[PDB]
Trainee: 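Encoded as structure tokens, here's the structure I'll be asking about.
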Amino acid sequence: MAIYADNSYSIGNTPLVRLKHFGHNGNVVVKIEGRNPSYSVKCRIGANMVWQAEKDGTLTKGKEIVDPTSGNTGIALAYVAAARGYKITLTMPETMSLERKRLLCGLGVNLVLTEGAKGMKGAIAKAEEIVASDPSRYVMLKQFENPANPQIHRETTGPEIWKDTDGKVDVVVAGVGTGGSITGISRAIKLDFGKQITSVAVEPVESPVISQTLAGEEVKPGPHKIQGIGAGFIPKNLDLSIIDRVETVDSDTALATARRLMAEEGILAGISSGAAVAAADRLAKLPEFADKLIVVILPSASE
Amino acid sequence: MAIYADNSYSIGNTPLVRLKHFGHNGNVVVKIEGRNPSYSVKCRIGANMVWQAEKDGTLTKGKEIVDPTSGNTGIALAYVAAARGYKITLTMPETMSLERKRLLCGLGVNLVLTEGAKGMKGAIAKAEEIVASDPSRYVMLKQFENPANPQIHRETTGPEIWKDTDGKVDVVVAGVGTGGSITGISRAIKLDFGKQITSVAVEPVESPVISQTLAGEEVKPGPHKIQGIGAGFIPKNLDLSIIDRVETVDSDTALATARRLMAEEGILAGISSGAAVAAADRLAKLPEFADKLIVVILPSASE
Amino acid sequence: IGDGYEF
Amino acid sequence: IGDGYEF
């Protein structure tokens, strides 16, 4: 009954684990998206974005994926492309780690390196150039705007949380990169299951564009070290309407929190998992949130 | 309903995925033990060996774990120790990777490095020395001989395979390190579920001590690069009685197979996963095994 | 993800 | 595992 046709379908069904050294009386519970193909939450959108492109006819036998991503999305797309038999090109700043390069090359990616100094702008520019050269050949999946992104979270991530909490979840805390996670989860719990939970978006204090935007202040992006969050803009896949609260976390707190997850909980999560937990811990220690079950997405693992 | 008290209980429920570019007509299916806390099958015995020691009173509040392991068992024990609040010392040859050291230190392990030249003998010697110094304080869990090792495989790994195949599994292919995996799985399927499957142990051609032993020839261990298998002896946790077949695989084939799993299947598995698949693929292409569902343990992930 | 911008 | 012996 339970044999996946390929590795793309093995996505999700990730565990909920209660934290002992965060929250209050066990009110903080984490969902470990590190327990996935390719070791992060992006496995879900890598899978669904391909599936959707196949269904709508935009991706066929023969055609090749092209995408600018310096992160988990690249790894996710590569694994799915490998599992389903697609050629894929990923553009990225030349400054990417040898580890990451080797892993992508190993997955069979055509890696196209761009000028480090030009950063992501460089990579996106080149990706668009490649597609321009033969639009009938190349397809750009577009994680920041593709509805298949939050759609998988609505169908899988959100329902898994509803299910495993017996509908008792009261707050969802997720870092925002594409926004797919918080948006999808939120729509599922609020609209599909009908529960008025608190949806808490998490972003770097160093680049707090969601907080600035909603406050009507000048939006001023900045650099930070919380890999996976803080795009420095509002992505189309963040539905602001479903966000109840926005919490900011600093890089150093985020880091130290991840180290504490490892040493005190035995949970191997990334820096952005640190950022999400720090934010949740802060809510968890407010009397308002004392009787509330807070669920925190940990987007990735640490190797 | 489904919130784990700590990360140790999140073990197992790993996916079965059918291979496209191995076997014949989809007869080769893999169980991805990389999808676990601490990224390998050893998470299961790390968990159970601690749980059992707690139940039988050998491990209590206060007492400290000491173990010689240069591999996934160390990582597994560290994560469980962290999750359940135990001090732990791991001895190991000084020649261990900085990556592995940093990860263990990060998990809060007291790392005791031994003379590289003396290898595992060195590490085991020191572990025993440490325990001698205060036997009421230190506990050695002993992966090679502890019944809690195959016991978890009998209760979880084997049943998961029975379950997900709808009892249709005909062959189980597993590399042998401690032997816990093949032994546990085999007892579960043959004795608990009553099915006379083919249990296939896999070992390096460079150190084929199980094949030599069973053939009555001189046992001659040797070095190899398939990390996780080829202990160079028969461990007490390998039950020879439940082994139907022993297949040998070479380091280079094992490596190339792992690279093929990544590039052609989009499955990120370790070298020992390569060894197991190569062996299974060989059985899968024999007419004898054409209508048989072959299940292959992939013990770990590749980072 | 990696560098939507910055990081 | 890592080096039961050798490896």
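Throughout, protein chains are lettered first and strands after them, A, B, ... in sequence-line order, and every chain is numbered starting at 1.
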Trainee: Please report the shortest heavy-atom distance between A/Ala82 and B/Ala263, naming the atom on each side.
Mentor: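 Reported closest heavy-atom pair: CB-O, 3.8 Å.
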Trainee: Select one option (side chain, backbone, both, neither) describing which atoms of B/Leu19 are under 4.5 Å from chain A's heavy atoms.
Mentor: neither
Trainee: For B/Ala81, is it the side chain, the backbone, both or neither that has a heavy atom under 4.5 Å from a heavy atom of chain A?
Mentor: neither
Trainee: Could you work out, with side chain to side chain contact (heavy atoms under 4.5 Å, CB included) as the rule, every residue matching A/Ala279, not counting sequence neighbours?
Mentor: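 A/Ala279: side chain to side chain contact (heavy atoms under 4.5 Å, CB included) contacts with A/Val173, A/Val202, A/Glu247, A/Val249.
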Trainee: Could you measure the distance from the CG atom of B/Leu268 to the CG atom of A/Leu107? Nearest 0.5 Å is fine.
Mentor: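 Reported value, rounded in 0.5 Å steps: 5.5 Å.
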Trainee: Given the options A/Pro15, A/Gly108, A/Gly106, which has more heavy-atom pairs under 4.5 Å with chain B than any of the others?
Mentor: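 The residue among A/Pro15, A/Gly108, A/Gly106 with the greatest pair count is A/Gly106.
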Trainee: From the options A/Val30, A/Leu293, A/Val295, select the one residue that forms a side chain to side chain contact (heavy atoms under 4.5 Å, CB included) with B/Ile3.
Mentor: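 One option only clears the test, and that one is A/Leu293.
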Trainee: Extract the chain B to chain A donor-acceptor pairs under 3.5 Å, no hydrogen or angle test applied.
Mentor:
unit_1   : atom_1 : unit_2   : atom_2 : d
B/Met1   : N      : A/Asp164 : O      : 3.2
B/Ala2   : N      : A/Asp164 : O      : 3.0
B/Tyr4   : N      : A/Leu16  : O      : 2.8
B/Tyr4   : O      : A/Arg18  : N      : 2.9
B/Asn7   : OD1    : A/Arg35  : NH2    : 2.8
B/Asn7   : ND2    : A/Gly266 : O      : 3.1
B/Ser10  : OG     : A/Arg35  : NH1    : 3.1
B/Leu16  : O      : A/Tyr4   : N      : 2.8
B/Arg18  : N      : A/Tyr4   : O      : 2.9
B/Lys20  : NZ     : A/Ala83  : O      : 3.0
B/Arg35  : NH1    : A/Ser10  : OG     : 3.1
B/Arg35  : NH2    : A/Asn7   : OD1    : 2.8
B/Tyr39  : OH     : A/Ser302 : O      : 2.8
B/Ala83  : O      : A/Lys20  : NZ     : 3.0
B/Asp164 : O      : A/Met1   : N      : 3.2
B/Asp164 : O      : A/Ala2   : N      : 3.0
B/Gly266 : O      : A/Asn7   : ND2    : 3.1
B/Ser302 : O      : A/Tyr39  : OH     : 2.8

